[PDB]
Structures are given as structure tokens and as C-alpha cells.
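> Here is my input; please provide its structure:
(one chain, ligands or ions: 5)
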Amino acid sequence: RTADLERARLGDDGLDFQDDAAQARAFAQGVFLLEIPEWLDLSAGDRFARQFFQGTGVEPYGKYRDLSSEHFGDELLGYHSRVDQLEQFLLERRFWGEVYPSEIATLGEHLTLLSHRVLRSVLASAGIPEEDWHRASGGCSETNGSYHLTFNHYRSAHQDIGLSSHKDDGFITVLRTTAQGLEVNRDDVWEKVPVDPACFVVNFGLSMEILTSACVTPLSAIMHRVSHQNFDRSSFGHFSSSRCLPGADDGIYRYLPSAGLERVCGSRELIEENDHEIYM
Ligand SMILES: C[C@@H](CCO)[C@@H]1NC(=O)/C(=C/[C@@](C)(O)CO)NC1=O
Ligand SMILES: O=C(O)CCC(=O)C(=O)O
Ligand SMILES: [Cl-]
Ligand SMILES: [Cl-]
Ligand SMILES: [Fe+2]
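Numbers count the residues shown, from 1 in each chain. Ligands and ions are numbered 1, 2, ... in the order given. Now the structure:
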């Protein structure tokens with residue numbers, strides 16, 4: 001089974017689906033395809049995902065395997081071997097300019113502003129007053145959220161699922177994938193996400209679900225996984241969360257229609273609990 005996802009594009013007015021019914025389905029499912037801008041170069045990011053795990057013998061990106069949690073004072077960051085086939089390199093935007101290769105930081109900045117534009121179209125369709133967007137999004141309705149540019153490599157030799165079923169933590173994930181393996185559970189059936197290297201996959205995360213859970217049309221965080229890989233696979237994604245710095249956490253809120261925002265938990269708190277459940 002392959003999912004029939006709606007396709008969108010970023011245009012002069014924001015997210016453009018084929019019509020209003022198509023936007024409504026896409027937002028209800030919590031997953032759709034987004035056309036990649038023709039000027040946007042993804043080849044350095046593609047190369048980074050193929051290389052980051054390989055060590056200093058492999059140029060220019062293999063040396064990032066050596067950067068663990070500890071070099072960043074944030075357990076979330078650096079190279080992480082997961083219990084699934086997946087291994088990752090995760091870096092939050094405050095470190096991009098200093099730590100990533102300059103062309104990788106550039107990529108992360110393009111994706112941040114693209115995701116920013118995507119998120120603002122979603123918030124407008126949710127009927128949340130604009131003056132509440134910054135607090136409801138922990139800064140992602142502007143450019144003051146926390147942003148992780150995360151690179152993924154699936155070790156086909158590991159006898160695990162590729163990546164366990166899960167929801168992402170945040171508001172928006174912009175996923176770059178060029179090979180089969182991603183599956184989504186929109187209703188109660190698992191379905192393959194069709195591969196289209198001209199489109200990103202756009203997902204909503206748990207924060208979008210929490211934020212809109214009391215709205216007239218709640219938006220859901222899509223349950224997704226990566227099936228066991230028999231050959232290697234790589235990908236990367238840009239993740240937007242309520243600002244979750246150590247000691248400067250914007251928090252997670254739900255919107256109560258006609259009332260305002262009610263605090264639910266911390267952003268880092270939600271990330272830690274989610275990561276814990278994904279991998280145990
Ligand atoms: C906030 C960071 C996660 C920090 O750990 C961000 N949000 C996610 O939900 C996530 C999911 C996984 C499955 O890739 C983690 O393995 N990736 C990310 O980059
Ligand atoms: O590699 C993929 O296609 C999905 C990765 C993912 O879902 C994640 O890291 O959150
Ligand atoms: Cl830090
Ligand atoms: Cl390894
Ligand atoms: Fe995910």
C-alpha cells in the first residue's frame with residue numbers, strides 16, 4: 001500500500017494546495033508533499049547524510065561522527081547511535097554557524113525560513129489570533145524557535161526496524177528523503193510514503209497536535225516509521241520546536257478557543273519524554 005498524499009507548493013500567498021478540500025485533507029492527516037524550490041541546492045545535505053557517520057578518514061563530512069553529546073553541553077546534540085538501525089547527527093541552529101560546514105549551515109537557514117512560511121500558513125488556517133502565534137509556537141511563527149537539522153543513516157546490517165513508529169516532537173518537520181522506507185499510519189493502516197526526490201515530506205509533530213487539540217478541526221501529528229532496511233538508506237530533516245534551550249524554555253501550549261493559551265509542559269520536557277518512548 002502506498003499513501004496518496006496531497007501535494008503543495010509555496011507561492012506568493014503561502015502554501016498553495018490544488019484547492020481548499022485538498023488543503024483540508026492534508027492538514028487533517030498531518031502529512032503532505034511540498035515541492036522543493038528549484039533554486040535550492042540539496043546536494044551538500046545529501047552528501048552529509050551519506051558521510052557523517054564514517055569518521056575522519058572520509059572527507060569532507062565524516063569527521064562529524066567524532067562530535068558526541070559532550071562537545072555541546074546538550075545531550076540531544078552531536079552523533080547518536082540509536083537502538084534501531086538509525087544513527088544520527090543532530091545539531092540545533094545556535095551551533096550551525098560555528099560547528100557545521102558553512103554550506104550546511106546555509107542549507108539549514110534556507111529550510112528554517114521555508115518552514116517558517118509553511119508554519120504561518122497552518123496557523124492562519126487554525127483560527128488562532130495572530131498576536132498569539134509567537135507564544136503558541138514558542139518562536140517558530142517568527143525565527144526564534146529551536147531548529148534541529150538532523151541527518152539520518154540506516155545501518156542495514158543491524159537487525160532492527162529502521163526507525164520505530166513515533167510522532168515528531170515539534171510543530172513542523174521538513175523531511176528530505178530520496179529512497180523507499182518511510183511509512184505513515186494515517187487512519188489505522190500502515191502505508192508507504194511514495195518517493196519523490198522533487199518534494200519534501202512535511203509532517204506535523206506533537207506540539208502541533210497539542211496546540212490544536214481543542215480547535216474545531218484538531219490537527220494531528222502523523223505516526224510514522226522507517227521499515228527495516230536491507231540496504232543502506234540516508235535522509236535528513238529540519239525540525240521546528242518551541243524554543244527548548246537549556247535554561248530558556250518557551251514551553252508547550254494548547255489553544256483554548258475564545259480564551260487563549262494554556263501551558264501544557266516544557267519543550268525540552270516533551271522532547272525528552274518523546275525520545276524515551278520512541279526508543280524503549
Ligand atoms: C528535537 C529533535 C530531537 C532531539 O532529540 C528533533 N525532533 C524529533 O522529534 C526527532 C526525532 C528523531 C526520531 O529523529 C529522534 O531520534 N528529531 C529531531 O531532530
Ligand atoms: O528517515 C526518514 O525518512 C524519517 C526520519 C524521521 O522520521 C525522524 O528522524 O524523525
Ligand atoms: Cl547548550
Ligand atoms: Cl556504527
Ligand atoms: Fe520522524
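
> List the contacts of residue 22.
Shown in contact with residue 22 (C-beta atoms under 8 Å, 6 or more residues apart in numbering): residue 6. C-beta: built from backbone N, CA, C; applies to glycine.

> hang on, it is in a strand, isn't it?
No - counting by DSSP: H, G, I helix; E, B strand; the rest coil, residue 22 is not part of a strand but helix.

> Show me what from the stretch 101-250 of the chain comes close to ligand 1.
Proximity of the stretch 101-250 of the chain to ligand 1, by C-beta under 6 Å from any ligand atom, involves residues 148, 150, 166, 168, 169, 170, 239, 241.

> okay, now the second one: neighbour count?
Burial of residue 150, expressed as a neighbour count using other C-beta atoms under 10 Å, amounts to 21.

> and it, helix, strand or coil?
strand.

> same deal with the fourth one?
For residue 168, the secondary-structure state derived from three-state DSSP is coil.

> Buried residues in the longest helix seen in the chain, which are they?
In the chain, taking DSSP state H as the definition, the longest helix is helix 102-126. For helix 102-126, the neighbour count (16 or more other C-beta atoms under 10 Å) marks 104-112, 114-116, 118-123, 125-126 as buried.

> and what of stretch 51-71?
Within stretch 51-71, the residues that count as buried by 16+ other C-beta under 10 Å are 51, 52, 53, 61, 62, 63, 64, 65, 67.

> Let me know the closest of those to residue 226.
Nearest to residue 226 out of the buried residues of stretch 51-71 is residue 53 (C-beta to C-beta; 15.7 Å).

> Might you report the residue contacts of that closest one?
Going by C-beta under 8 Å, 6+ apart, residue 53 touches 62, 65, 79, 87, 89, 153.

> So for the protein, the centremost residue is which one?
Nearest residue to the geometric centre of the chain (C-alpha atoms, centre = their mean): residue 173, 2.4 Å.

> List the beta-bridge partners for that one.
Assessed by DSSP bridges, residue 173 has beta-bridge partners residue 203, residue 239.

> And the longest helix of the chain, how far out from the chain middle?
Computed by C-alpha atoms, centre = their mean, to the nearest Å, the chain-centroid distance of helix 102-126 equals 11 Å.
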